[PDB]
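Heads up, the thing below is written out as structure tokens.
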Amino acid sequence: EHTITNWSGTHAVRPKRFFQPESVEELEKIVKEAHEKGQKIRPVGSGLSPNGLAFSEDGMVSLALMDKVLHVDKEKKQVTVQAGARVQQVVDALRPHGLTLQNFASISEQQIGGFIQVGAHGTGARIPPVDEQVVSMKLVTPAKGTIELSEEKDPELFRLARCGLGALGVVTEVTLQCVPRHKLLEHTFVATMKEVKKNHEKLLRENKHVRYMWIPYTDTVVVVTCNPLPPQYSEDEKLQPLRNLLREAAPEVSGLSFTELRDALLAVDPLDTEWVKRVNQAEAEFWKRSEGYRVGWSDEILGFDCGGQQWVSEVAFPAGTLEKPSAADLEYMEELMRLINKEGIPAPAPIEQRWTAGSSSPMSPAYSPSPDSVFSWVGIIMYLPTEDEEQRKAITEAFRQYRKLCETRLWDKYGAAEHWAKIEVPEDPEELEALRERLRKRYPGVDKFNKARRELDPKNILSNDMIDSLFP
Ligand SMILES: Cc1cc2nc3c(=O)[nH]c(=O)nc-3n(C[C@H](O)[C@H](O)[C@H](O)COP(=O)(O)OP(=O)(O)OC[C@H]3O[C@@H](n4cnc5c(N)ncnc54)[C@H](O)[C@@H]3O)c2cc1C
């Protein structure tokens, strides 16, 4: 009944103790007493991380009841919000103030604490991950009680703690640098690899938001651009290629959304590469029939409800600077498509490619000493289309092998770092040792992160098995 499960049902936990304080004073008392008794209190937001980063069998603390907007600074365009607020609640609260977030990370149901603590991101070559939106914060620490951090109050600890994986304190309050509320024009169109390469450098720098959806085993890339705003196909015709392909396989089809159609297609034979080729070809035809323009407020256009169950792996890797472009982002995709074909991986769509500016947070996968660094983020996916336990098991193993080939063939070469909400802990002790050392190479600040953990959480009450495994 009080099992906590993630979005895709890949991780679940029943914590022995579950705390949901209604005030800072109540939280301060929970942290002091947990510290005195040496009892685990892993901070949890919405609990939606694909890897169950927030999960603990021992103890979890939720700030969901502490979700108020405390202050809007009209002149500085800043909001101070309790960390238990969902992104959606902040968006709704900012609407009458004419403000919005600089960027979004797909789902509006995540909490502000969970959003910043993993270094979540959207797309936009000139826009950093969301940990860089943080101007100041308050943190309840086991060692020092409630502390305030900002560029003016212990900047070094601030830049660690704001992207701190819940390991440095319970965030109570965050001040975010907002931008004016604004409409975006979203353009969806298809291109080949060749057309993408031709326009790529200029497209990234001349469009506020650019995202590619690569369709494996096709030469279709779906390009989506969004910019501030100063033959039409029916839904039935857009879905026709997927509906026709599903009728061809041994079986109301007409009731299914696009995402339910892709799931029902993949469910036929999810690990058969020749079948996945046909599913991906049908999906490419859907996207060709989906070219066009939408207009909406930035939160509506940049936000997605998603909905499927899936395995995801996303890596950040450097792709030069605004002034000195790098080809590493297109070269990565070239090698990844070659790897999928060469190895016969039943890779469904999309392989999602996004861009951020660098972050000054040392634990950001997109950490850079340069503010105008550009990072490419590449997400691979396999869907879990049914609750069939044997099929889920087979796809889980296929995804592990798919990710492992990217890790061994590409990640070190490109300096790729895994998203903190998507990274899985290996069980093999040699692979775990190897990952711990890889994290020290990918993250210059790992030793300083552990130093801050010893300083703020000496009895290690904020860390779960995952944190202990990655950062011994
Ligand atoms: C369908 C889906 C789509 C996604 N799309 C994107 C995307 O586009 N871009 C992207 O970057 N990410 C994306 N994510 C990942 C998501 O942004 C992260 O998993 C995020 O951490 C979820 O927020 P949450 O409130 O569920 O956090 P949780 O999973 O509950 O917690 C995440 C981390 O925050 C810590 N934490 C939470 N609250 C506090 C607090 N008050 N104080 C201290 N630590 C705290 C936890 O200990 C944990 O380390 C997606 C996830 C899903 C399921």
Side-chain angles (χ1 to χ4, degrees), residues 1-9 11-13 15 17-34 39-71 79-95 101 104-120 130-131 133-134 137-142 146 161-176 299 303 305-306 420-421 461-464 466-467:
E1 236 52 36
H2 209 281
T3 293
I4 302 160
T5 308
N6 64 356
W7 186 278
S8 288
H11 291 104
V13 68
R17 299 161 305 264
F18 183 69
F19 296 98
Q20 218 162 28
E22 296 183 78
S23 66
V24 171
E25 292 72 8
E26 198 191 334
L27 175 59
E28 283 164 346
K29 180 203 139 76
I30 290 155
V31 172
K32 268 209 276 282
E33 291 177 3
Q39 292 172 167
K40 295 297 187 183
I41 43 156
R42 183 86 176 127
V44 63
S46 297
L48 299 177
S49 291
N51 65 357
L53 179 60
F55 287 3
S56 171
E57 291 169 1
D58 294 315
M60 291 171 66
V61 55
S62 163
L63 299 207
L65 303 184
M66 293 162 64
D67 56 12
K68 294 181 163 308
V69 174
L70 297 178
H71 181 78
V79 62
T80 304
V81 60
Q82 299 187 297
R86 284 176 283 280
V87 167
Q88 187 61 50
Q89 288 171 303
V90 170
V91 166
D92 290 337
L94 288 180
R95 173 168 300 113
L101 298 191
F104 298 91
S106 297
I107 56 158
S108 62
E109 304 104 312
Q110 60 195 302
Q111 291 180 17
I112 297 298
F115 183 64
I116 68 167
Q117 282 292 291
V118 301
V130 309
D131 48 289
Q133 293 172 26
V134 181
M137 60 195 292
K138 297 196 190 174
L139 192 68
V140 182
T141 67
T146 299
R162 69 184 181 180
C163 187
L165 307 182
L168 294 182
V170 185
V171 182
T172 51
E173 183 188 297
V174 177
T175 303
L176 298 174
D299 62 292
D305 47 271
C306 203
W420 290 119
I461 65 174
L462 300 174
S463 287
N464 60 4
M466 181 164 319
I467 297 293

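Numbers for residues simply follow the sequence, beginning at 1. Note that these values count all heavy atoms, side chains included, but never hydrogens, waters or copies made by symmetry.
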* Check whether any side-chain heavy atom of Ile467 sits under 4.5 Å from a side-chain heavy atom of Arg42, and report yes or no. => yes

* **Any residue meeting salt bridge (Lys or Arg N to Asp or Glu O under 4.0 Å) with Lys68, in chain and number order, not counting sequence neighbours** => none

Taking all non-hydrogen atoms of both residues into account, name the closest pair between [X] and [Y] and its distance.
| X | Y | value |
| --- | --- | --- |
| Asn464 | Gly52 | ND2-O, 4.3 Å |
| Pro21 | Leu63 | CG-CD2, 3.8 Å |
| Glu22 | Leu65 | CG-CD1, 3.8 Å |

* Asked: Got a sec, which residues hit ring-ring contact (aromatic ring centres under 6.0 Å, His included) with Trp420, two or more places apart in sequence or on another chain?
  -> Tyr443, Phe471

Under 3.5 Å donor-acceptor, [X] side chain and [Y] backbone:
| X | Y | value |
| --- | --- | --- |
| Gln82 | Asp67 | yes |
| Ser46 | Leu48 | no |
| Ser56 | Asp58 | yes |

* Listed partners of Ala93 passing side chain to side chain contact (heavy atoms under 4.5 Å, CB included), at least two apart -> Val69

Sequence neighbours left out, cut at 3.5 Å: what donor-acceptor pairs do the side chains of residues 161-171 make with other protein atoms?
| from | atom 1 | to | atom 2 | distance (Å) |
| --- | --- | --- | --- | --- |
| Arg162 | NE | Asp131 | O | 3.4 |
| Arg162 | NE | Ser361 | OG | 2.8 |
| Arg162 | NH1 | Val134 | O | 3.3 |
| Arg162 | NH2 | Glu132 | OE1 | 3.4 |
| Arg162 | NH2 | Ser360 | OG | 3.0 |
| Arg162 | NH2 | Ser361 | OG | 3.0 |

If you look only at distance, which donor and acceptor atoms sit under 3.5 Å apart when one is on a side chain in residues 106-113 and the other is two or more places apart or in another chain?
| from | atom 1 | to | atom 2 | distance (Å) |
| --- | --- | --- | --- | --- |
| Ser108 | OG | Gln88 | OE1 | 3.0 |
| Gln110 | NE2 | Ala105 | O | 3.0 |
| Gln110 | NE2 | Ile107 | O | 2.7 |

* Which residue pairs pass the salt bridge (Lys or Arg N to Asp or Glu O under 4.0 Å) test with at least one member in residues 80-94, sequence neighbours excluded? -> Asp92-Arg95

